[PDB]
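Engineer:
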Amino acid sequence: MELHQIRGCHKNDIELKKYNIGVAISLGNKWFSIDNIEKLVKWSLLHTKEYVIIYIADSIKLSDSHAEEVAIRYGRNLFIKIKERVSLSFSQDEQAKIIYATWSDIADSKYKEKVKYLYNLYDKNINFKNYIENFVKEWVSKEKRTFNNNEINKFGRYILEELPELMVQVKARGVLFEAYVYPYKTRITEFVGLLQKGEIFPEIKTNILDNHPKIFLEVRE
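According to the deposited numbering, the sequence shown holds residues 1 to 60, 70 to 230 in order.
And the structure:
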């Protein structure tokens, strides 16, 4: 498990341990075994400025929020398994560095304003809508299962709920994490890169981004 590639800072910034580090779990993504999650947490604990923040980054009716429904249906059980593994593999003083951040811990008033900006843009701007929708379609085209165009549209909205967390530096339980680790570059991480640079949908950068962009750390075996 090692750093393969870096967006948002230089390699030295990491070795100087400048930043707190989030571990961004894609729940239901088959790479995110408990074993692989534990190895990302191990790596992040050895490179972090202080804290490691574990959270659910994406999900690819008991709540109005899809991320919240995923948090209560599946995220809580995942977090319990992770904690158990951690308490058996790490020392007490290492365990004190780890923060388990639920959707609620991240989606505060300021965060939700950003999501709401994106929802309104999804509704008023048909170029944005179609870009997000074609976005869902390409990933589903890699799946055997099929989806109707109303499901495609609903999945797009779900992406918008997590987009600010990938784009901007947010706090979990009061702790800023400037960087996050993820094992591979994806179409979503490339999209966020352009968004942060104002090279796609520049209105988004104007309206919800803050000149402190989320650093992406590509970490895999």
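Don't be surprised by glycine CBs; every beta carbon is placed ideally from N, CA and C.
1. Is it true that the segment 73–84 meets the segment 10–22, where meeting means three or more beta-carbon pairs spaced less than 8 angstroms apart?
2. Excluding the 5 residues flanking residue 1 on each side, which residues of the same chain have their C-beta closer than 8 angstroms to its C-beta?
3. State the beta-bridge partners of residue 217 as determined by DSSP.
4. The alpha helix (DSSP H) spanning residue 47 covers which residue range?
5. On the premise that residue 179 lies in contact with residue 233, defined as a C-beta separation below 8 angstroms, what is that separation, rounded to the nearest angstrom?
6. Within 8 angstroms, do at least three Cβ pairs link the segment 95–102 to the segment 123–140?
7. Along the chain, where does the beta strand (DSSP E) that runs through residue 25 open and close?
8. Measuring CA to CA, which of 161, 154, 135 is closest to residue 144?
9. Please list, in chain order, all residues of the same chain as residue 109 whose beta carbon is under 6 angstroms from its beta carbon, the five residues on each side excluded.
10. Apart from the five residues on each side of it in sequence, which residues of its chain come closer than 7 angstroms, Cβ to Cβ, to residue 164?
11. Kindly confirm or deny that the segment 179–195 and the segment 149–160 touch, where touching means at least three C-beta pairs closer than 8 angstroms.
12. The alpha helix (DSSP H) that contains residue 4, what's its start and end?
13. Which residues does DSSP list as the beta-bridge partners of residue 180?
14. Could you give the uninterrupted runs of the alpha helix (DSSP H) lying entirely in the segment 91–131, keeping only those of 4 residues or more?
15. According to DSSP, is residue 209 helix, strand or coil?
16. For my contact list, residue 127 and residue 175 are in at a C-beta cut-off of 8 angstroms; report their separation, rounded to the angstrom.
17. With DSSP as the reference, identify every bridge partner of residue 229, one or two as the case may be.
18. Looking at the structure shown, is residue 191 part of a helix, part of a strand, or coil, going by DSSP?
19. Identify the continuous alpha helix (DSSP H) that holds residue 13 and give its terminal residues.
20. What does DSSP give as the partner residues of residue 58 in its beta bridges?
21. For residue 125 and residue 57, what's the separation of their Cα atoms in angstroms?
22. To which residues does DSSP link residue 224 through a beta bridge?
Structural biologist: This is what the structure holds:
1. Contact fails between the segment 73–84 and the segment 10–22, because fewer than three Cβ pairs, one in each stretch, are under 8 angstroms apart.
2. For this step, residue 1 is matched to residue 1 along the sequence shown. Same-chain partners within the cutoff: 39, 40, 42, 43, 228, 229, 230.
3. Counted from its first residue, the sequence shown places residue 217 at position 208. Note: residue 217 sits in no beta bridge, so no partner.
4. Position 47 of the sequence shown holds residue 47. Residue 47 -> alpha helix (DSSP H) spans 34–47.
5. Summary: the structure shown does not reach residue 233, with the chain confined to residues 1 through 230, and so no result is reported for it.
6. Output reads no: the segment 95–102 does not touch the segment 123–140.
7. Within the sequence shown, residue 25 is the residue found at index 25, counting from 1. Bounds of the beta strand (DSSP E) holding residue 25 are 21–26.
8. As a first step, residue 144 must be located in the sequence shown, where it is residue number 135. Residue 144 has its Cα closest to that of 161, out of 161, 154, 135.
9. By 1-based counting over the sequence shown, the position of residue 109 is 100. Once the five neighbours on either side are set aside, the close Cβ partners of residue 109 are 54, 88.
10. Translated into the one-based positions of the sequence shown, residue 164 becomes position 155. Residues of the same chain with a CB within less than 7 angstroms of the CB of residue 164, apart from the 5 flanking positions on each side, are 145 in chain order.
11. Contact between the segment 179–195 and the segment 149–160 is not established, with fewer than three Cβ pairs separated by less than 8 angstroms.
12. As a working note, residue 4 is residue 4 in the sequence shown. According to the DSSP assignment, residue 4 belongs to no alpha helix (DSSP H) but to the beta strand (DSSP E) extending over 2–7.
13. Indexing the sequence shown from 1 puts residue 180 at position 171. Paired residue(s): 185.
14. Counting only runs of 4 or more, we get 101–104, 112–115.
15. Here the question's residue 209 lines up with position 200 in the sequence shown. Coil at residue 209, not helix or strand.
16. Along the sequence shown, read from residue 1 onward, the residue named residue 127 stands at position 118. Along the sequence shown, read from residue 1 onward, the residue named residue 175 stands at position 166. 12 angstroms between Cβ atoms; not a contact.
17. In the sequence shown, the residue the question calls residue 229 occupies position 220. BP columns for residue 229 point to 2.
18. In the sequence shown, the residue the question calls residue 191 occupies position 182. Three-state DSSP puts residue 191 in a strand.
19. For this step, residue 13 is matched to residue 13 along the sequence shown. Per DSSP, the continuous alpha helix (DSSP H) segment holding residue 13 begins and ends at 11–15.
20. Against the sequence shown, residue 58 aligns to sequence position 58. 26, per the DSSP bridge assignment.
21. Here residue 125 corresponds to residue number 116 of the sequence shown, with the count starting at 1. Here residue 57 corresponds to residue number 57 of the sequence shown, with the count starting at 1. The alpha-carbon separation between residue 125 and residue 57 amounts to approximately 18 angstroms.
22. Here residue 224 corresponds to residue number 215 of the sequence shown, with the count starting at 1. Answer is 188.
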